[PDB]
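Only one chain comes next, encoded as structure tokens, the form deposited in one PDB entry.
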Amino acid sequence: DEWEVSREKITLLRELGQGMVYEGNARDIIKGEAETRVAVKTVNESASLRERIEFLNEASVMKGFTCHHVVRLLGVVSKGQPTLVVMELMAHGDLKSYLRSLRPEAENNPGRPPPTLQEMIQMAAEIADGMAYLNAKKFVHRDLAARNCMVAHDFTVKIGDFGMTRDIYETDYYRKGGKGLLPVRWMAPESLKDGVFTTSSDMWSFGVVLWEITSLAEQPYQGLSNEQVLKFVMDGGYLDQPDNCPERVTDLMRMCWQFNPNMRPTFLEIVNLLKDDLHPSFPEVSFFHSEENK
């Protein structure tokens, strides 16, 4: 295990978010830093066997990823117990919490204004870039949502939470019909109907993330139950535009919610569309502009 870290090197400092995720200190985990502030994901004591398997699969999946716009795995403590999954600390947490913090009357308002158009475009491009990388690696995410995007110290947004991520190298799709605890308000109609997941169904969720950004993470299809959303979306229903939502973002959103998955854009197309409206560091860090995007 090239990913193995000595347990004595990890110190837990506080709880970040409920398996408990912790903020920790890790000594000698990153070259050139004697000690690094990290996030540490662990498994509940009462986690079912399915949950324990999925947690280990999630950690394993992360080992293959290297992208500025994807949350970095730093190491694994797997000798003895319990298993610690060590990753890049995202100083501003998840995008859903962050966005809700930016509401005018939010108790925890950080005293910074809500996102500008440029900032929303930057977020979009970063999320789409991370997803383009994921897709090129032949994985489908399956749970793309603001709550699973993370915000760095410099407000860079990165894809996280790979709990539902599946390898699609052989066929370009993952199919799982049946009953599950599922992110219904984020799911494509063909996923709901046929149980099929593809990069195009991740694109539907991307549309919902855009909607989250411009609504400051309102709940999608508010007033509708889970079972009504299921019916509504399968029947060709989609979300209405948020108040004062910029037209350019609306246009994108609608393209993401084409009923026919074949008609939705790809993640490379999203980045390409936005590429001239981004911070100058973007081509230095993006998968899009990288030699790997071949």
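Superpose the two forms; the largest set of C-alphas matching within 1.5 Å is the rigid core. The numbering used is simple: start at 1 and walk along the sequence shown.
One more form of this protein, deposited in another entry, exists but is not displayed; see below.
Participant: Core-aligned, between this form and the one not shown, one residue among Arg72, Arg166, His92, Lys137 moves its CA by 2 Å or more. Tell me which.
Facilitator: So the residue whose C-alpha moves 2 Å or more is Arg166.
Participant: When you overlay the rigid core, is the Cα of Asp251 off by 2 Å or more between this form and the one not shown?
Facilitator: No; that C-alpha moves by less than 2 Å between this form and the one not shown.
Participant: Quick one: core overlaid, is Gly32 moving 2 Å or more at the Cα between this form and the one not shown?
Facilitator: Shift of 2 Å or more: yes.
Participant: When the two forms are laid on each other by their rigid core, does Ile53 show a Cα shift of 2 Å or more between this form and the one not shown?
Facilitator: Yes.
Participant: Regarding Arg166 and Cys149, go with closer or farther for their CA spacing in that other deposited form versus this form, the difference being 3 Å or more.
Facilitator: Relative to the displayed form, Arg166 and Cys149 draw closer in that other deposited form - a change of at least 3 Å between their C-alphas.
Participant: So the Cα-Cα distance between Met164 and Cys149 shifts by 3 Å or more in that other deposited form; is it shorter or longer than what we see here?
Facilitator: Note: Cα gap between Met164 and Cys149 shrinks in that other deposited form.
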